[PDB]
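Listing of work.cif, mmCIF, C-alpha atoms and all ligand atoms
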```cif
data_my_file
#
loop_
_atom_site.label_atom_id
_atom_site.label_comp_id
_atom_site.auth_asym_id
_atom_site.auth_seq_id
_atom_site.Cartn_x
_atom_site.Cartn_y
_atom_site.Cartn_z
CA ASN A 2 86.20 100.69 110.95
CA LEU A 3 85.52 99.18 107.54
CA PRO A 4 88.83 97.56 106.53
CA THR A 5 90.93 100.03 104.48
CA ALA A 6 92.30 98.98 101.11
CA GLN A 7 95.52 97.75 102.75
CA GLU A 8 93.71 95.93 105.54
CA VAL A 9 91.60 94.14 102.93
CA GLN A 10 94.75 92.75 101.30
CA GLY A 11 95.87 91.51 104.70
CA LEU A 12 92.63 89.82 105.71
CA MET A 13 92.12 88.16 102.32
CA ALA A 14 95.73 86.98 102.21
CA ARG A 15 95.46 85.69 105.82
CA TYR A 16 92.29 83.83 104.92
CA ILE A 17 94.25 81.78 102.34
CA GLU A 18 97.01 81.21 104.92
CA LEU A 19 94.42 79.54 107.16
CA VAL A 20 93.01 77.40 104.38
CA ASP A 21 96.48 76.16 103.39
CA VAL A 22 97.07 74.92 106.96
CA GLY A 23 93.48 73.83 107.59
CA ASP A 24 92.61 75.98 110.63
CA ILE A 25 88.83 75.50 110.42
CA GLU A 26 88.20 77.42 113.66
CA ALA A 27 90.24 80.47 112.60
CA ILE A 28 88.62 80.50 109.15
CA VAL A 29 85.04 80.37 110.46
CA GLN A 30 85.96 83.14 112.93
CA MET A 31 86.92 85.35 109.95
CA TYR A 32 83.32 85.35 108.82
CA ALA A 33 80.42 87.41 110.13
CA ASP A 34 78.01 85.29 112.21
CA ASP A 35 75.34 85.80 109.51
CA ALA A 36 77.82 85.67 106.57
CA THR A 37 76.80 84.01 103.31
CA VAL A 38 79.06 82.19 100.92
CA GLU A 39 78.48 81.29 97.30
CA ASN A 40 80.91 78.50 96.35
CA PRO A 41 80.98 77.88 93.54
CA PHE A 42 79.42 81.19 92.59
CA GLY A 43 76.17 80.33 90.79
CA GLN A 44 75.20 77.95 93.57
CA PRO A 45 72.65 78.95 96.24
CA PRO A 46 74.12 80.97 99.14
CA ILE A 47 75.07 79.01 102.26
CA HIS A 48 74.27 81.19 105.31
CA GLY A 49 75.71 81.14 108.83
CA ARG A 50 78.97 80.22 110.54
CA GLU A 51 77.68 76.73 111.33
CA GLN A 52 76.83 76.00 107.70
CA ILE A 53 80.03 77.70 106.53
CA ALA A 54 81.91 75.73 109.20
CA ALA A 55 80.67 72.35 107.96
CA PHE A 56 81.64 73.50 104.48
CA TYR A 57 85.31 73.79 105.44
CA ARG A 58 85.34 70.68 107.61
CA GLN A 59 84.26 68.52 104.67
CA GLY A 60 86.35 70.18 101.96
CA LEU A 61 89.56 70.52 103.97
CA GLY A 62 88.91 67.55 106.24
CA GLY A 63 91.19 65.20 104.35
CA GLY A 64 94.00 67.47 105.49
CA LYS A 65 95.83 67.32 102.18
CA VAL A 66 94.56 70.51 100.56
CA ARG A 67 96.95 73.39 99.85
CA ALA A 68 96.11 76.93 98.81
CA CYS A 69 98.28 79.85 97.74
CA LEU A 70 97.89 83.38 96.42
CA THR A 71 98.93 83.32 92.75
CA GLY A 72 98.79 87.11 92.62
CA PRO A 73 98.29 90.31 94.63
CA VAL A 74 95.04 91.02 96.42
CA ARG A 75 93.13 93.68 94.51
CA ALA A 76 91.30 95.87 97.03
CA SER A 77 88.63 98.55 96.87
CA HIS A 78 88.03 101.59 99.05
CA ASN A 79 84.68 100.27 100.22
CA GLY A 80 85.80 97.28 102.29
CA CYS A 81 85.86 94.88 99.31
CA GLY A 82 88.53 92.91 97.50
CA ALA A 83 89.20 90.09 95.04
CA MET A 84 92.06 87.60 94.87
CA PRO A 85 93.65 85.04 92.57
CA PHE A 86 94.80 81.75 94.03
CA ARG A 87 95.32 78.09 93.22
CA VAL A 88 94.18 75.06 95.24
CA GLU A 89 95.87 71.66 95.12
CA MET A 90 93.98 68.55 96.22
CA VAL A 91 93.37 65.05 94.85
CA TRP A 92 90.94 64.14 92.07
CA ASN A 93 90.14 60.58 91.00
CA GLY A 94 93.29 59.47 92.76
CA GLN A 95 95.81 61.65 90.95
CA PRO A 96 96.92 65.11 92.25
CA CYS A 97 95.18 67.94 90.41
CA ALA A 98 95.06 71.76 90.60
CA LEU A 99 92.23 74.35 90.82
CA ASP A 100 92.36 78.00 89.84
CA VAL A 101 89.95 80.12 91.90
CA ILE A 102 89.06 83.78 92.50
CA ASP A 103 87.35 84.96 95.70
CA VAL A 104 85.40 88.21 95.94
CA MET A 105 84.92 89.38 99.52
CA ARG A 106 83.08 92.19 101.25
CA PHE A 107 83.94 92.92 104.89
CA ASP A 108 81.52 94.35 107.44
CA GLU A 109 82.46 97.34 109.60
CA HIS A 110 84.25 94.92 111.97
CA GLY A 111 86.79 93.49 109.56
CA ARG A 112 84.72 90.31 109.23
CA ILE A 113 83.80 88.69 105.91
CA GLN A 114 80.17 89.62 105.28
CA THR A 115 80.07 87.94 101.89
CA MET A 116 82.33 85.58 99.96
CA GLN A 117 82.07 84.45 96.36
CA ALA A 118 84.35 81.92 94.70
CA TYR A 119 84.46 81.76 90.90
CA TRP A 120 85.66 78.51 89.30
CA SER A 121 84.20 75.52 87.41
CA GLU A 122 85.57 72.35 85.73
CA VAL A 123 87.43 74.46 83.17
CA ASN A 124 89.61 75.48 86.11
CA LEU A 125 90.63 71.96 87.07
CA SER A 126 93.95 70.54 85.81
CA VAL A 127 96.01 67.40 86.28
CA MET B 1 71.72 80.85 72.22
CA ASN B 2 71.44 81.38 75.98
CA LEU B 3 73.90 82.35 78.68
CA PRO B 4 77.44 81.95 77.37
CA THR B 5 78.76 78.66 78.72
CA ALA B 6 81.77 78.42 81.06
CA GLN B 7 84.14 77.92 78.10
CA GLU B 8 82.40 80.68 76.17
CA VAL B 9 82.95 83.05 79.11
CA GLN B 10 86.68 82.25 79.34
CA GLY B 11 86.93 83.06 75.64
CA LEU B 12 84.88 86.27 75.71
CA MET B 13 86.74 87.67 78.74
CA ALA B 14 90.11 86.92 77.11
CA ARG B 15 88.89 88.56 73.89
CA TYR B 16 87.95 91.67 75.90
CA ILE B 17 91.50 92.02 77.29
CA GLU B 18 93.00 91.71 73.78
CA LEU B 19 90.72 94.53 72.57
CA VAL B 20 91.85 96.58 75.56
CA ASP B 21 95.43 95.61 74.83
CA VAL B 22 95.26 96.85 71.23
CA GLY B 23 92.95 99.67 72.25
CA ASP B 24 90.13 99.03 69.78
CA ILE B 25 87.74 101.35 71.62
CA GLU B 26 84.91 100.60 69.21
CA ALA B 27 85.25 96.82 69.42
CA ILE B 28 85.17 96.96 73.21
CA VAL B 29 81.91 98.91 73.21
CA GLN B 30 80.42 96.31 70.88
CA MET B 31 81.11 93.75 73.59
CA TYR B 32 78.83 95.51 76.08
CA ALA B 33 75.05 95.26 76.22
CA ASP B 34 72.90 98.33 75.44
CA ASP B 35 72.09 98.58 79.14
CA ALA B 36 75.44 97.39 80.45
CA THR B 37 76.44 98.92 83.80
CA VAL B 38 80.14 99.28 84.69
CA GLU B 39 81.68 99.92 88.11
CA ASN B 40 85.34 100.79 87.83
CA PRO B 41 86.92 100.95 90.19
CA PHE B 42 84.43 99.04 92.34
CA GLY B 43 82.85 101.23 95.00
CA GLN B 44 82.49 104.07 92.53
CA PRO B 45 79.30 105.24 90.77
CA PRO B 46 78.24 103.00 87.86
CA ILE B 47 78.82 103.90 84.19
CA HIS B 48 75.61 103.23 82.23
CA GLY B 49 74.96 102.43 78.58
CA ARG B 50 76.98 102.37 75.36
CA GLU B 51 77.63 106.10 74.96
CA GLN B 52 78.99 106.47 78.46
CA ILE B 53 80.98 103.26 78.40
CA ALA B 54 82.55 104.36 75.08
CA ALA B 55 83.25 107.80 76.58
CA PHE B 56 84.92 105.97 79.48
CA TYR B 57 87.24 103.84 77.36
CA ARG B 58 88.17 106.57 74.89
CA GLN B 59 89.30 108.62 77.88
CA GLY B 60 91.27 105.92 79.64
CA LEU B 61 92.41 103.98 76.58
CA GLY B 62 92.84 106.74 74.00
CA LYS B 65 99.75 104.33 75.73
CA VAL B 66 97.98 101.52 77.60
CA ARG B 67 98.54 97.76 77.72
CA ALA B 68 96.57 94.89 79.25
CA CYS B 69 97.29 91.18 79.63
CA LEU B 70 95.93 88.28 81.67
CA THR B 71 98.20 87.28 84.55
CA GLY B 72 96.42 83.98 85.10
CA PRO B 73 93.42 82.04 83.68
CA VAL B 74 89.87 83.37 83.55
CA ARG B 75 87.65 81.76 86.16
CA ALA B 76 84.20 80.87 84.86
CA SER B 77 80.98 79.73 86.58
CA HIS B 78 77.81 78.42 84.89
CA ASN B 79 75.51 81.44 84.97
CA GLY B 80 77.25 83.49 82.31
CA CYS B 81 79.72 84.88 84.84
CA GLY B 82 83.49 84.93 85.19
CA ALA B 83 86.42 86.62 86.91
CA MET B 84 89.93 87.31 85.63
CA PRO B 85 93.30 88.59 86.93
CA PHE B 86 95.18 90.98 84.63
CA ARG B 87 97.63 93.87 84.67
CA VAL B 88 97.33 97.25 82.98
CA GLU B 89 100.46 99.11 81.90
CA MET B 90 100.46 102.85 81.51
CA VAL B 91 102.28 106.15 81.85
CA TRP B 92 100.94 108.36 84.65
CA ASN B 93 102.47 111.82 84.21
CA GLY B 94 105.57 110.39 82.64
CA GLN B 95 105.97 107.69 85.26
CA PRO B 96 105.84 104.19 83.68
CA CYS B 97 103.29 102.43 85.85
CA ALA B 98 101.62 99.09 86.42
CA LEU B 99 98.26 98.16 87.96
CA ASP B 100 96.95 94.78 89.08
CA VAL B 101 93.23 94.37 88.55
CA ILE B 102 90.53 91.70 88.73
CA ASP B 103 87.44 92.05 86.50
CA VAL B 104 84.16 90.35 87.34
CA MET B 105 81.69 90.08 84.44
CA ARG B 106 78.15 88.87 83.80
CA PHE B 107 77.09 88.15 80.23
CA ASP B 108 73.46 88.32 79.05
CA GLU B 109 71.48 85.82 76.99
CA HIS B 110 73.28 87.26 73.95
CA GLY B 111 76.94 87.01 74.84
CA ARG B 112 77.30 90.71 75.70
CA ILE B 113 78.65 92.11 78.95
CA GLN B 114 75.68 93.20 81.04
CA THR B 115 77.80 93.89 84.08
CA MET B 116 81.42 94.51 84.98
CA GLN B 117 83.16 95.35 88.24
CA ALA B 118 86.82 96.36 88.27
CA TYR B 119 88.48 95.51 91.57
CA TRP B 120 91.48 97.73 92.29
CA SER B 121 92.88 100.75 94.16
CA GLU B 122 96.22 102.52 94.66
CA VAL B 123 97.55 99.57 96.69
CA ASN B 124 97.59 97.80 93.33
CA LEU B 125 99.59 100.54 91.56
CA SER B 126 103.26 100.03 90.71
CA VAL B 127 106.25 101.26 88.71
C1 LIG C 1 86.95 75.66 100.09
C2 LIG C 1 87.83 75.91 98.83
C3 LIG C 1 89.19 76.58 99.24
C4 LIG C 1 89.01 77.96 99.90
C5 LIG C 1 88.38 78.88 98.83
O1 LIG C 1 88.18 80.20 99.29
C6 LIG C 1 87.00 78.35 98.38
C7 LIG C 1 87.06 76.90 97.88
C8 LIG C 1 86.69 76.55 96.61
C9 LIG C 1 86.65 75.10 96.10
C10 LIG C 1 87.03 74.02 97.18
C11 LIG C 1 88.17 74.55 98.09
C12 LIG C 1 88.80 73.43 99.05
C13 LIG C 1 89.13 72.14 98.23
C14 LIG C 1 87.87 71.61 97.50
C15 LIG C 1 86.76 71.13 98.51
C16 LIG C 1 88.11 70.42 96.59
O2 LIG C 1 88.85 69.50 96.81
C17 LIG C 1 87.25 70.57 95.32
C18 LIG C 1 86.50 71.91 95.56
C19 LIG C 1 87.46 72.68 96.49
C1 LIG C 2 89.85 100.98 82.03
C2 LIG C 2 91.02 100.12 82.65
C3 LIG C 2 91.53 99.03 81.63
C4 LIG C 2 90.45 98.02 81.20
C5 LIG C 2 90.01 97.27 82.46
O1 LIG C 2 88.99 96.32 82.20
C6 LIG C 2 89.47 98.23 83.55
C7 LIG C 2 90.44 99.39 83.90
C8 LIG C 2 90.93 99.60 85.17
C9 LIG C 2 91.82 100.80 85.55
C10 LIG C 2 92.09 101.81 84.36
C11 LIG C 2 92.26 101.03 83.01
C12 LIG C 2 92.78 101.92 81.79
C13 LIG C 2 94.00 102.78 82.21
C14 LIG C 2 93.64 103.66 83.45
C15 LIG C 2 92.53 104.72 83.12
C16 LIG C 2 94.80 104.47 84.02
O2 LIG C 2 95.64 105.02 83.36
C17 LIG C 2 94.73 104.45 85.57
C18 LIG C 2 93.45 103.59 85.87
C19 LIG C 2 93.35 102.69 84.63
#
```
Starting from the file, lay out its structure as structure tokens.
Ligand SMILES: C[C@]12CC[C@H](O)CC1=CC[C@@H]1[C@@H]2CC[C@]2(C)C(=O)CC[C@@H]12
Ligand SMILES: C[C@]12CC[C@H](O)CC1=CC[C@@H]1[C@@H]2CC[C@]2(C)C(=O)CC[C@@H]12
Amino acid sequence: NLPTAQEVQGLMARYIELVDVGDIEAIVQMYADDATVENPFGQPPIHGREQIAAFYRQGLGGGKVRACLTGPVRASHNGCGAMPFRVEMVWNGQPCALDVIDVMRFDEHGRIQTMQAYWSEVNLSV
Amino acid sequence: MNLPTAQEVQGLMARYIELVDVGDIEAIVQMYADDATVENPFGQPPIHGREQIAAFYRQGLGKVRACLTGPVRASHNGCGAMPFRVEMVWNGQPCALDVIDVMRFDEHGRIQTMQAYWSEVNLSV
């Protein structure tokens, strides 16, 4: 029951759909109970739905964060995928933009076992 | 020198696509570390070392085109990710393929690791 290549594209795309509208509950629910997240990748892994939950509450909390797939979801045959997307929020008062790429591995239940988001300052624009 | 910086990674990964675009097999292989390990597509057995990597590219690269479809995303541990598209002819059928490459550079600016994320759902005409 590992998500197939097509199911991966669906789940990853849906994940962005939830971030764009700020459904913290639905996002957290997409993760495995013991899922880890590295955001930004390079940082120490944050483990557990509670810790991952806080993560989204604080970053999306303002309510004015948008997110959208900037390209197709590239999927593997082993329950993994990677996707390109942009995030629009506010920075220093003026509206900026962030280019990000998320690598995700799903457990045999269609839940995100691992998530890794690549991006740094070089990906921030005004 | 140490781990390529974020801006160095964006540059190196873009350089890699241009070598793939022109098809300079030999220049690509010079980008990889002696002990570089490549998984392409991801979920497939790794390709190990120069000789194999070179064998890999000569086979797949030697009418193929590659270009970035968006900016390279770079972190601060010599890693990055990038969205691109490969153009090719598969049995006479002009095709396209969306791919995302994840790479890790060593203390010397070479590619120690690479994972190519893609499958048939990313194939087109
Ligand atoms: C969670 C999310 C958006 C959802 C992505 O999968 C991961 C991620 C990366 C950086 C975060 C962003 C939300 C908006 C944030 C919090 C900002 O405003 C700056 C850093 C941004
Ligand atoms: C190596 C390369 C192109 C260089 C990329 O970094 C990785 C990759 C992914 C799929 C490959 C492609 C070359 C062209 C191939 C071999 C095809 O014709 C179908 C699959 C394609």
Give as a PyMOL selection string the set of residues within 12 Å of the point (79.8, 79.9, 114.8), where distances use the file's coordinates and all atoms listed in the file. chain A and resi 25-36+48-55
Take the residues that were just selected and, keeping C-alpha atoms, output them as a PDB file, in the frame of the given file.
```pdb
ATOM      1  CA  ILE A  25      88.830  75.500 110.420  1.00  0.00           C
ATOM      2  CA  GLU A  26      88.200  77.420 113.660  1.00  0.00           C
ATOM      3  CA  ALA A  27      90.240  80.470 112.600  1.00  0.00           C
ATOM      4  CA  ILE A  28      88.620  80.500 109.150  1.00  0.00           C
ATOM      5  CA  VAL A  29      85.040  80.370 110.460  1.00  0.00           C
ATOM      6  CA  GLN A  30      85.960  83.140 112.930  1.00  0.00           C
ATOM      7  CA  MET A  31      86.920  85.350 109.950  1.00  0.00           C
ATOM      8  CA  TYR A  32      83.320  85.350 108.820  1.00  0.00           C
ATOM      9  CA  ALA A  33      80.420  87.410 110.130  1.00  0.00           C
ATOM     10  CA  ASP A  34      78.010  85.290 112.210  1.00  0.00           C
ATOM     11  CA  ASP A  35      75.340  85.800 109.510  1.00  0.00           C
ATOM     12  CA  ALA A  36      77.820  85.670 106.570  1.00  0.00           C
ATOM     13  CA  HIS A  48      74.270  81.190 105.310  1.00  0.00           C
ATOM     14  CA  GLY A  49      75.710  81.140 108.830  1.00  0.00           C
ATOM     15  CA  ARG A  50      78.970  80.220 110.540  1.00  0.00           C
ATOM     16  CA  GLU A  51      77.680  76.730 111.330  1.00  0.00           C
ATOM     17  CA  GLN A  52      76.830  76.000 107.700  1.00  0.00           C
ATOM     18  CA  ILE A  53      80.030  77.700 106.530  1.00  0.00           C
ATOM     19  CA  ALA A  54      81.910  75.730 109.200  1.00  0.00           C
ATOM     20  CA  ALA A  55      80.670  72.350 107.960  1.00  0.00           C
TER      21      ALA A  55
END
```
To check your reading of the model: which residues sit at most 10 Å from ligand LIG 2 (chain C) when counting all atoms listed in the file? Write the answer as a ChimeraX atom specification. /B:13,16-17,19-21,23,28,38-42,53,56-62,65-69,84,86-93,97-105,116-122,125
Residues of chain A within 10 Å of chain B, all atoms listed in the file counted, as a VMD selection string: chain A and resid 6 to 7 10 40 to 44 71 to 86 99 to 104 118 to 124
Spatial sel., origin (92.2, 68.8, 105.8), limit 9 Å, only C-alpha atoms, listed as a list in words: residues 20, 21, 22, 23, 24, 25, 57, 58, 59, 60, 61, 62, 63, 64, 65, 66 and 67 of chain A
To one decimal place, how far is CA of residue 115 (chain A) from CA of residue 45 (chain A) in Å? 13.0 Å
Would you kindly return, as a PyMOL selection string, each protein, DNA or RNA residue with an atom no farther than 8 Å from any atom of residue 113 (chain B), considering only C-alpha atoms and excluding same-chain residues fewer than 2 positions away? chain B and resi 31-33+36+105-108+111+115-116
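Across the structure, CA of residue 97 (chain A) and CA of residue 126 (chain A) are spaced 5.4 Å apart.
If you look at CA of residue 47 (chain A) and CA of residue 17 (chain A), they are 19.4 Å away from each other.
Nearest-residue note for ligand LIG 1 (chain C): choosing from A:98, A:105, A:90, A:70, the minimum distance belongs to A:90, counting only C-alpha atoms and all ligand atoms.
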Got a sec: who's within 8 Å of residue 95 (chain A), counting all atoms listed in the file, leaving out chain neighbours fewer than 3 positions off, as JSON, numbers by chain? {"A": [91, 92, 127]}
Of the candidates A:19, A:37, A:3, A:12, which one gets nearest to ligand LIG 1 (chain C) if we count all atoms listed in the file? A:19
I want to know what sits within 9 Å of residue 35 (chain B), based on all atoms listed in the file, with residues of the same chain fewer than 4 positions away left out; could you give that as an mmCIF file with C-alpha atoms, in the frame of the given file?
```
data_model
loop_
_atom_site.group_PDB
_atom_site.id
_atom_site.type_symbol
_atom_site.label_atom_id
_atom_site.label_comp_id
_atom_site.auth_asym_id
_atom_site.auth_seq_id
_atom_site.Cartn_x
_atom_site.Cartn_y
_atom_site.Cartn_z
ATOM 1 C CA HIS B 48 75.610 103.230 82.230
ATOM 2 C CA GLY B 49 74.960 102.430 78.580
ATOM 3 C CA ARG B 50 76.980 102.370 75.360
ATOM 4 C CA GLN B 114 75.680 93.200 81.040
ATOM 5 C CA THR B 115 77.800 93.890 84.080
#
```
Could region 72-87 of chain A be completed with N, CA and C atoms and written as a compact mmCIF listing (two decimals), in the coordinates of the input, please?
```txt
# COMPACT_ATOMS: atom_id res chain seq x y z
N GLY A 72 98.63 85.71 93.00
CA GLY A 72 98.79 87.11 92.62
C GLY A 72 98.39 88.07 93.73
N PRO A 73 98.67 89.37 93.58
CA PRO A 73 98.29 90.31 94.63
C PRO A 73 96.79 90.33 94.91
N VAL A 74 96.43 90.90 96.05
CA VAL A 74 95.04 91.02 96.42
C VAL A 74 94.63 92.40 95.91
N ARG A 75 93.62 92.43 95.05
CA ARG A 75 93.13 93.68 94.51
C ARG A 75 92.08 94.15 95.52
N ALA A 76 92.24 95.36 96.03
CA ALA A 76 91.30 95.87 97.03
C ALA A 76 90.57 97.14 96.59
N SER A 77 89.41 97.37 97.18
CA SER A 77 88.63 98.55 96.87
C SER A 77 88.73 99.49 98.07
N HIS A 78 88.03 100.61 97.98
CA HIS A 78 88.03 101.59 99.05
C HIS A 78 86.74 101.45 99.83
N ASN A 79 85.93 100.46 99.48
CA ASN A 79 84.68 100.27 100.22
C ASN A 79 84.61 98.92 100.94
N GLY A 80 85.74 98.53 101.54
CA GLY A 80 85.80 97.28 102.29
C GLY A 80 85.67 95.99 101.49
N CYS A 81 85.95 96.05 100.19
CA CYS A 81 85.86 94.88 99.31
C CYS A 81 87.18 94.56 98.65
N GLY A 82 87.31 93.32 98.18
CA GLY A 82 88.53 92.91 97.50
C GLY A 82 88.33 91.63 96.71
N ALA A 83 89.28 91.31 95.84
CA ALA A 83 89.20 90.09 95.04
C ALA A 83 90.60 89.51 94.92
N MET A 84 90.73 88.19 94.94
CA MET A 84 92.06 87.60 94.87
C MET A 84 92.23 86.35 94.02
N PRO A 85 93.40 86.21 93.39
CA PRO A 85 93.65 85.04 92.57
C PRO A 85 94.46 84.04 93.37
N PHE A 86 94.06 82.78 93.32
CA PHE A 86 94.80 81.75 94.03
C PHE A 86 94.52 80.39 93.41
N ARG A 87 95.40 79.44 93.72
CA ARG A 87 95.32 78.09 93.22
C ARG A 87 95.15 77.14 94.42
```
